[PDB]
């Protein structure tokens, strides 16, 4: 259809999306159904590549792709990304519709993601703020006298971009952009759950001029991807997903450069001097956006005694006034969760909190196989730590509320989860804020706002179980680039006169 006109194959009434094998769209592997969480119906099929096609694709990426990407000057790479942005932008409605149907994303959120993808592509020139190399004079040590160094970055070669289901379009475009801008070839491996947006993005890139042998899109399910990760032709792996899969990926990959964005949720702290209107609004939104299916979703709210009552009151009201059900209605605030399993886990998690002294302050009602109300569970500090909702990341619209004596207890409870992605702090006192900033063990802290990675204007990434390394405009250069040092020796050659 338009963008994917000659690519998609209507077979048996259901559109069949092929993989892109670094040159031609195709695939001879098993076909796999792709369903919508809105009605559990099959909306398309994707053709996975065969072992032989995976092998051939990697061979093309390694032997030719690395050079096609590297030998396309930066000035053209930029033109490619900008053109791709234009193509995605003019196909906005189509990109959004697929996000709504395939991911169950509310219309406004789907439109927001497409626009993030477009902006990420257009701002590729900002990534150059970290591209320059270093010139190191040698006269600061006797052994390096009359010597000199140049340190420059080089692309690693083939980057494997593995993406999650919750940001099927942005994550693929983001990783492709930063991997490509520095001269790398890329193998994209999207969630087999909602791989359609990536296929659409890759086509837009190909139409825009992206070297055809420098990119690949493989519709491989879970462990079928290990094959790519473990291959020596893959110099780097950019992975966004769960802690457990991330661990498996590194153990399969071995020595390579990695960026591991492993999520988990985020805690939000509200100090007694906080603007409770701003806090309640931002916290409610951080809890329910995209039905809590956000790595930076708020999963725990900690509020100092003097504001805990009002704060939790306001958040409860806001969550209760939300409208759930089918995401197409520009009226719905919350669509479905990606699978009935995800809802099952949320319900069980809520029961666990209740059995351990927790009390539901809002929501709690399952509305269908993939529908549930955003839930806010109050818990006493002395018991919250043993609750599943605390110890784990329940990927759903659910957060715990805990009253705390002071900042130290807030910080202590916030750091008590095994994760350390982001944290939020609402308050105004510079000293308490500076203290929280120093002691919260997370990759990023949001002062007076809900955690939101956006397009990575500010770098983000994990600590503890949330992973290692960062993504962000400019900063991602560290994950897909290697340094090259050139040491020039002029010892006794008369350039310098003892210096």
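Numbering follows the first chain given and starts at 1.
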Q | Greater mean Cα temperature factor according to the PDB record, 151-159 or 301-309 | A | 301-309
Q) What stretch has the higher average Cα B-factor here, 168-176 or 385-393? A) 385-393
**Q.** Selection by C-alpha B-factor (highest) of 189, 120, 323, 256
**A.** 323
Q: From the list 451, 49, 443, 472, select the residue with the highest C-alpha B factor recorded in the entry.
A: 49
Q | For residue 273, the third of its chain into which the C-alpha B factor falls | A | middle
Q) What third of the chain, by the recorded C-alpha B-factor, contains residue 182? A) lowest
Q) Taking the C-alpha B-factors as the PDB entry records them, is residue 267 in the lowest, middle or highest third of its chain? A) lowest
Q: Would you mind checking where the Cα B-factor of residue 426 ranks among the modelled residues of its chain, as the lowest, middle or highest third?
A: lowest
Q: Pull the Cα B-factor of residue 77 out of the PDB entry and bin it into the chain's lowest, middle or highest third.
A: lowest
